[PDB]
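Encoded as structure tokens, the structure appears first; notes follow it.
Positions of Cβ are backbone-derived with ideal geometry, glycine not excepted, and every protein chain shown enters the neighbour counts. FYI, it's all coordinate maths here, none of it is from the lab.
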Ligand SMILES: *[C@@H]1O[C@H](CO)[C@@H](O[C@@H]2O[C@H](CO)[C@@H](O)[C@H](O)[C@H]2NC(C)=O)[C@H](O)[C@H]1NC(C)=O
Ligand SMILES: *[C@@H]1O[C@H](CO)[C@@H](O[C@@H]2O[C@H](CO)[C@@H](O)[C@H](O)[C@H]2NC(C)=O)[C@H](O)[C@H]1NC(C)=O
Ligand SMILES: *[C@@H]1O[C@H](CO)[C@@H](O[C@@H]2O[C@H](CO)[C@@H](O)[C@H](O)[C@H]2NC(C)=O)[C@H](O)[C@H]1NC(C)=O
Ligand SMILES: *[C@@H]1O[C@H](CO)[C@@H](O[C@@H]2O[C@H](CO)[C@@H](O)[C@H](O)[C@H]2NC(C)=O)[C@H](O)[C@H]1NC(C)=O
Ligand SMILES: *[C@@H]1O[C@H](CO)[C@@H](O)[C@H](O)[C@H]1NC(C)=O
Ligand SMILES: *[C@@H]1O[C@H](CO)[C@@H](O)[C@H](O)[C@H]1NC(C)=O
Ligand SMILES: *[C@@H]1O[C@H](CO)[C@@H](O)[C@H](O)[C@H]1NC(C)=O
Ligand SMILES: *[C@@H]1O[C@H](CO)[C@@H](O)[C@H](O)[C@H]1NC(C)=O
Ligand SMILES: *[C@@H]1O[C@H](CO)[C@@H](O)[C@H](O)[C@H]1NC(C)=O
Ligand SMILES: *[C@@H]1O[C@H](CO)[C@@H](O)[C@H](O)[C@H]1NC(C)=O
Ligand SMILES: *[C@@H]1O[C@H](CO)[C@@H](O)[C@H](O)[C@H]1NC(C)=O
Ligand SMILES: *[C@@H]1O[C@H](CO)[C@@H](O)[C@H](O)[C@H]1NC(C)=O
Ligand SMILES: *[C@@H]1O[C@H](CO)[C@@H](O)[C@H](O)[C@H]1NC(C)=O
Ligand SMILES: *[C@@H]1O[C@H](CO)[C@@H](O)[C@H](O)[C@H]1NC(C)=O
Ligand SMILES: *[C@@H]1O[C@H](CO)[C@@H](O)[C@H](O)[C@H]1NC(C)=O
Ligand SMILES: *[C@@H]1O[C@H](CO)[C@@H](O)[C@H](O)[C@H]1NC(C)=O
Ligand SMILES: *[C@@H]1O[C@H](CO)[C@@H](O)[C@H](O)[C@H]1NC(C)=O
Ligand SMILES: *[C@@H]1O[C@H](CO)[C@@H](O)[C@H](O)[C@H]1NC(C)=O
Ligand SMILES: *[C@@H]1O[C@H](CO)[C@@H](O)[C@H](O)[C@H]1NC(C)=O
Ligand SMILES: *[C@@H]1O[C@H](CO)[C@@H](O)[C@H](O)[C@H]1NC(C)=O
Ligand SMILES: *[C@@H]1O[C@H](CO)[C@@H](O)[C@H](O)[C@H]1NC(C)=O
Ligand SMILES: *[C@@H]1O[C@H](CO)[C@@H](O)[C@H](O)[C@H]1NC(C)=O
Ligand SMILES: *[C@@H]1O[C@H](CO)[C@@H](O)[C@H](O)[C@H]1NC(C)=O
Ligand SMILES: *[C@@H]1O[C@H](CO)[C@@H](O)[C@H](O)[C@H]1NC(C)=O
Ligand SMILES: *[C@@H]1O[C@H](CO)[C@@H](O)[C@H](O)[C@H]1NC(C)=O
Ligand SMILES: *[C@@H]1O[C@H](CO)[C@@H](O)[C@H](O)[C@H]1NC(C)=O
Ligand SMILES: *[C@@H]1O[C@H](CO)[C@@H](O)[C@H](O)[C@H]1NC(C)=O
Ligand SMILES: *[C@@H]1O[C@H](CO)[C@@H](O)[C@H](O)[C@H]1NC(C)=O
Ligand SMILES: *[C@@H]1O[C@H](CO)[C@@H](O)[C@H](O)[C@H]1NC(C)=O
């Protein structure tokens, strides 16, 4: 079956940096667009960043455009997220997911079809 | 390679358009053949020009797909069919699409001229 | 139809440019004639290129109208004149307008390059 | 004049591209010469096309400078060297630069298609 | 929710007929309007592509025909036209005191040649072959006198075939079937795109296909309609058969001036013995090759049908015999022993006659005079295919032949020319601003 | 009536009619035709 | 009216013995000579 596993660091301090990495299996990595979302204990679901199937295009929420980078290594089937400053309001369980965008040769998606286990980012 | 993707699916084959574009420009009868090849090239470039595509290889337009030309879904068309089969499938509709593209571009250019006219 | 608007007003005739554009392209002297037609087409396309209009039938520039070339109002020019009469009235100015268009495009290209140079 | 800036510096020469470009178009053997000149012109136009530069004489691209091709500084290249010297300076790298420009334009067009797809 | 997207550079083609270019890396087969071949020609296999080929609707053969006719006419124009040669010939037998079968074939004729000055005549003696001289009714005339003036080919121009590569013009491409046991028509699932074809030797022959290509695996029998007796049957072999052909007699060539700078060359005394030209084919090799052809015939016509071979004895000599260019000389070989077997459920000697006056491509009104060649001629060629035609309990058929287009078709059967259509459309989920 | 200069006598007057005039022309003699060969592949045809 | 422009600070290398204009001059002059004398009388009867 399809699997998606979040990995990365744990405790961070304000003003630092953190790289998260998702390993995908059970499907062709390069055939799906992906995104990063977060769930804070005191919040609901929210979207953070979106990456295309190739990786050429990236999109972010206004609150992180100047700090976060979403990237992907298609040969390693690995999605990466580099974060900076890591403010107290950024503490949450972060997830990566497949779906949410399409190449315009595949049908419309705009949905997050497969969700990983998640990893907790604590400031 | 030239036509190397000819047997590939339409999606995969869309990534080699520059190979064909570069290679298509690679006793009196031989000069006539060269002149006719040039005329065909120029007619195709003029046809792209009138549509407002300029030098783009993949030109997106404002003309909707009618679905009567072909009722296949996007995934079936791009992943399970070749360009030869697709081109044959819609050979009866090509001139209608071309006419719609010319009309759409004429309206677009007039609309742009009127927008530019606003102070 | 081809040149059908030749006797129509300039305004109405501006909507038929597509037909003439398609009709510009459609034994040693037959080959020579085809080559000459190609050369004239390419000269016109290059002239549009230097003006920054290679992809359009109608394009606006930044060159002002002198008003000495013709002091008619837009209503008189577009509604009460044919294109043949207009062409005759500015036959002595066409190359001056062409030179001004080339200079304007050169200034636009240099200014665009400098704007793109800013981070 | 034609090639008048040939001995001038690259910066000054960049302001005379229009006259040199306009003069590129200007029994059987002379007809062959005309056809060959047209073919070379169209080869250059198609090369500009696949790079997305068909509409202008000065076209900036998204390919970075490698610095291995030439390690001269920008001021040296534009204010001291002539275009003939520059052509000699990078004569061994043209086939790489053109390929990179082709790949860059292909990626740019695909990105544009994906951006247009967003509702 | 879909819009039209226009693509340029689509790998789609349509059938088309256009002019092809000559490529080849003096010789009459060397076209002046021809360029060197590519130093590294490309062959790009098309995976998961099937194309319908039809060797009988291939317009590349017509272009090859027109190219050869034009090339030969242009090459023969700047040569001496033998108008004063059609004169009364006082002829006797060159060597009547012989016991070989060549005796009576060579005539020793005397005439006048106009010299160079218009006021003088030069009595000349020369030898001609029997097949080139007809009695006026001793007094004889050249066989061509009642057809057309005959042009002397320039002896400095070689007639040895040079492989010619046909290249597509820009905007077109050549597809190769590249499919083992392809019968000349129908889909080919192994299509490969080539910028230029391989070199095609413009070999001129009848009945037997010489210096051509071989079948990849087995003998291939190609016909527009295998059951139509009126259609030519082209058999491609997978096992070449060597044929040893010779004109064992020696020769010398004399040269005289007939006009203001126009030299005429003619056959002189024969040295040594006078012997007839002939070809040699080993009997076992022919028997096995013919058995393979018969096996293919059994596949098409049945295993228990009686198969009979016969000679095409009726028709012009240029058709009833094998036409072979050996060292530049034109041989007309009987070779009846090759098509004499009947099939049911050390070496062979093939006599040949020599002609100096020929009419190529069955064009009546354009005779050509071949210069003589000094010495003794021996050559070895590869038989790579056969031409057969057919007239039931018994199926009797004959070599037939007599049309050069089929030979070029035999070599060009696997190629097709298509026009590239770079434009196309497709629905996509995008919209222009 | 068409002319370069209708009063210049050095030019022709081209008249385009508004009615056709039918004309029947003939060579009534029943002539023999003969042919001969005059050279290799060359033949001359003549009135008999 | 001729049109020429001096190229300042341009040092081009020339080689008059590798110039292909000489071959074109020769070929064109011989072509003009041969073509211009085609529609003329060939003096066959003088070789007497
Ligand atoms: C074809 O085969 C015959 C044999 O039947 C060859 O004839 C011999 O040729 C050699 C040549 O030096 C002579 O020495 C022999 O005396 C010949 N013998 C006979 C019986 O004829 C003939 O030469 C062969 N021809 C070719 C072209 O290979
Ligand atoms: C063709 O025949 C003629 C005579 O019919 C040959 O001419 C004679 O040849 C003999 C041979 O010794 C000479 O002695 C005579 O003097 C020749 N007569 C003349 C008038 O020349 C002639 O040689 C024969 N041609 C060939 C090639 O054998
Ligand atoms: C078929 O190919 C053979 C091999 O090239 C040709 O035979 C050669 O012809 C040249 C022509 O001058 C000779 O110099 C060689 O000595 C010949 N070699 C042999 C082994 O015969 C032969 O002529 C070709 N046949 C045709 C019809 O073109
Ligand atoms: C032109 O008219 C004359 C008479 O007006 C025709 O001459 C007659 O031809 C017929 C043909 O058989 C003869 O039987 C008459 O005896 C002729 N009569 C006279 C008076 O000539 C002539 O045939 C006409 N020609 C054409 C071409 O119509
Ligand atoms: C051809 O079909 C096979 C079948 O699986 C596929 O693996 C291969 O990639 C295809 N190639 C092209 C060029 O379509
Ligand atoms: C779509 O096809 C139908 C079929 O008749 C036609 O009536 C309709 O006008 C078409 N619409 C467009 C936008 O082409
Ligand atoms: C496309 O249409 C075919 C037709 O049966 C269907 O099987 C397939 O699931 C469709 N795909 C999509 C993505 O709608
Ligand atoms: C196109 O027209 C041909 C007849 O001209 C017909 O056989 C074919 O089915 C048509 N195809 C479509 C898609 O309408
Ligand atoms: C021609 O003139 C008449 C005058 O009444 C006008 O109605 C008509 O529209 C004109 N047509 C064109 C093509 O100028
Ligand atoms: C209009 O043309 C005249 C012609 O000499 C010129 O003097 C004047 O400056 C021009 N005005 C503009 C605004 O171009
Ligand atoms: C245009 O100018 C003409 C005279 O040149 C005048 O009669 C007409 O009313 C003017 N129209 C406008 C709209 O100014
Ligand atoms: C152009 O100049 C010529 C010079 O005689 C003059 O006759 C003509 O009327 C002028 N035309 C215009 C539109 O100025
Ligand atoms: C050649 O060099 C001199 C040196 O100052 C310069 O003034 C001149 O403009 C140069 N030539 C050209 C054509 O620029
Ligand atoms: C410069 O060119 C060399 C050529 O080997 C290449 O390895 C290197 O990555 C290039 N650097 C950049 C920044 O493109
Ligand atoms: C650029 O190169 C020139 C070449 O001589 C040199 O004089 C100049 O100082 C260089 N400038 C820099 C900033 O490297
Ligand atoms: C180009 O390469 C050759 C050797 O392949 C070298 O001698 C020459 O200097 C090089 N030129 C440049 C401008 O790099
Ligand atoms: C050569 O011409 C003469 C007449 O001048 C003729 O008698 C003689 O027979 C001719 N020669 C031959 C071999 O016929
Ligand atoms: C003379 O010509 C006829 C046909 O015109 C031909 O049948 C005959 O064979 C020719 N004579 C000879 C000797 O070939
Ligand atoms: C060639 O093979 C195809 C295979 O379907 C067959 O239909 C055709 O009749 C064959 N033709 C010949 C001449 O063998
Ligand atoms: C092929 O030959 C058979 C044999 O009788 C005949 O019935 C058939 O009509 C022929 N077809 C063609 C197309 O010649
Ligand atoms: C043909 O001649 C060559 C020349 O040596 C010889 O090797 C070969 O065996 C001969 N073949 C036949 C079938 O005579
Ligand atoms: C070879 O000849 C014999 C006759 O002795 C015949 O039986 C045999 O079938 C022939 N070879 C082949 C392959 O048919
Ligand atoms: C000939 O033999 C083959 C088997 O090799 C068989 O399929 C075919 O039907 C046979 N034909 C006859 C007429 O016996
Ligand atoms: C071949 O020789 C035989 C021997 O009798 C003869 O009957 C036949 O007609 C000859 N064939 C040719 C084409 O000369
Ligand atoms: C054909 O073979 C028979 C013996 O099977 C023989 O008597 C006859 O002469 C041969 N004919 C030819 C032309 O080889
Ligand atoms: C053939 O004749 C020539 C004449 O030049 C001679 O040199 C050669 O030795 C002769 N060869 C034979 C085998 O008689
Ligand atoms: C005949 O075919 C063999 C196949 O290897 C080749 O080596 C030989 O050179 C060929 N000879 C001729 C004369 O074509
Ligand atoms: C032709 O008719 C026009 C009608 O106005 C007239 O002005 C002209 O002079 C006439 N020319 C001739 C040569 O009759
Ligand atoms: C026309 O002919 C008359 C006859 O004298 C002459 O006076 C007049 O000048 C001529 N005009 C032209 C334009 O030829």
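On inspection, residue E:78 does not qualify as surrounded by fewer than 15 Cβ atoms within 10 Å (Cβ to Cβ) and either within 24 Å of residue B:31 (Cα to Cα) or within 14 Å of chain B (Cβ to nearest Cβ) (or both). Here is a check on your reading of the model: is residue E:194 more than 12 Å from residue E:413 (Cα to Cα), away from ligand 5 (no atom under 16 Å from the Cβ) and within 14 Å of chain B (Cβ to nearest Cβ)? Judged against the criteria, residue E:194 is a match.
Determine whether residue D:3 is part of a loop (DSSP other than H, G, I, E, B) and either surrounded by 14 or more Cβ atoms within 10 Å (Cβ to Cβ) or within 16 Å of ligand 8 (Cβ to nearest atom) (or both). Judged against the criteria, residue D:3 is a match. One residue stands out in the range E:387-411 among those that are surrounded by 20 or more Cβ atoms within 10 Å (Cβ to Cβ) and touching a helix residue (DSSP H, G or I) at 6+ places or on another chain (Cβ under 7 Å): the one that is farthest from residue E:270 (Cα to Cα), namely E:409.
Give the range E:302-334 a look and list any residue that's surrounded by fewer than 16 Cβ atoms within 10 Å (Cβ to Cβ) and outside any strand (DSSP E or B), or say none. I'd like the intermediate steps shown before the answer.
Taking the range E:302-334 first, the residues surrounded by fewer than 16 Cβ atoms within 10 Å (Cβ to Cβ) are E:302-304, E:306, E:310, E:313-317.
Listed by number, the residues that qualify are E:302, E:303, E:304, E:310, E:313, E:314, E:315, E:316, E:317.
Can you tell me which residue is nearest to ligand 23 (Cβ to nearest atom) among those in the range B:51-96 that are over 17 Å from residue B:11 (Cα atoms) and buried (at least 19 other Cβ atoms within 10 Å of the Cβ)? Here the answer is B:65.
Which of the following residues is within 16 Å of ligand 17 (Cβ to nearest atom), assigned to a loop (DSSP other than H, G, I, E, B) and surrounded by 14 or more Cβ atoms within 10 Å (Cβ to Cβ): E:127, E:117, E:85?
Result: E:85 is the single residue among E:127, E:117, E:85 that is within 16 Å of ligand 17 (Cβ to nearest atom), assigned to a loop (DSSP other than H, G, I, E, B) and surrounded by 14 or more Cβ atoms within 10 Å (Cβ to Cβ).
Restricting attention to the range B:6-28, the residues that are more than 17 Å from the chain's Cα centre (by Cα) and buried (at least 19 other Cβ atoms within 10 Å of the Cβ) total 2.
Being assigned to a loop (DSSP other than H, G, I, E, B), within 14 Å of another protein chain (Cβ to nearest Cβ) and either more than 16 Å from ligand 3 (Cβ to nearest atom) or touching a strand residue (DSSP E or B) at 6+ places or on another chain (Cβ under 7 Å) (or both), is that true of even one residue in the range E:365-377? Yes, the range E:365-377 contains a residue that is assigned to a loop (DSSP other than H, G, I, E, B), within 14 Å of another protein chain (Cβ to nearest Cβ) and either more than 16 Å from ligand 3 (Cβ to nearest atom) or touching a strand residue (DSSP E or B) at 6+ places or on another chain (Cβ under 7 Å) (or both).
Looking only at residues of the range D:72-99 that are under 21 Å from residue C:117 (Cβ atoms) and out of contact with any helix residue (DSSP H, G or I) (no Cβ under 8 Å at 6 or more places or on another chain), we find that the one that is farthest from ligand 3 (Cβ to nearest atom) is D:75. Of the strands (runs of 3 or more DSSP E) lying entirely inside the range E:204-260, the ones with 3 or more residues being within 14 Å of another protein chain (Cβ to nearest Cβ) and either more than 23 Å from residue E:182 (Cβ to Cβ) or within 16 Å of ligand 19 (Cβ to nearest atom) (or both) are found at E:253-259.
Checked against (1) under 20 Å from residue E:233 (Cβ atoms); (2) within 16 Å of ligand 26 (Cβ to nearest atom), residue E:327 meets all criteria but (1). Just name the residue that is farthest from ligand 1 (Cβ to nearest atom) out of those in the range E:262-295 that are exposed (fewer than 15 other Cβ atoms within 10 Å of the Cβ) and part of a helix (DSSP H, G or I). Among those residues, the one meeting the criterion is E:295. Among strands (runs of 3 or more DSSP E) entirely within the range A:1-100, having at least 3 residues that are exposed (fewer than 14 other Cβ atoms within 10 Å of the Cβ) singles out A:16-25.
Looking only at the range E:42-59, filter to residues that are part of a loop (DSSP other than H, G, I, E, B) and within 12 Å of another protein chain (Cβ to nearest Cβ); which one of those is surrounded by the most Cβ atoms within 10 Å (Cβ to Cβ)? Can you show your working first?
As a first pass, look at the range E:42-59 and keep what is part of a loop (DSSP other than H, G, I, E, B): E:42, E:46-50, E:58-59.
Still in the list and also within 12 Å of another protein chain (Cβ to nearest Cβ): E:42, E:46-50.
On the way: E:42: 12, E:46: 23, E:47: 13, E:48: 11, E:49: 20, E:50: 14.
Per the stated criteria, the residue is E:46.
When you scan the range E:163-180, how many residues do you find that are over 15 Å from residue E:54 (Cβ atoms), away from every other protein chain (no Cβ under 14 Å) and in a loop (DSSP other than H, G, I, E, B)? Matching residues across the range E:163-180 total 2.
Can you tell me which residue is nearest to residue B:17 (Cα to Cα) among those in the range E:1-36 that are more than 11 Å from chain B (Cβ to nearest Cβ) and not in a loop (DSSP other than H, G, I, E, B)? Restricting to residues being more than 11 Å from chain B (Cβ to nearest Cβ) and not in a loop (DSSP other than H, G, I, E, B), the top hit is E:15.
Within the range E:137-148, if we keep just the residues that are part of a loop (DSSP other than H, G, I, E, B) and within 14 Å of chain F (Cβ to nearest Cβ), the residue that is surrounded by the fewest Cβ atoms within 10 Å (Cβ to Cβ) turns out to be E:147.
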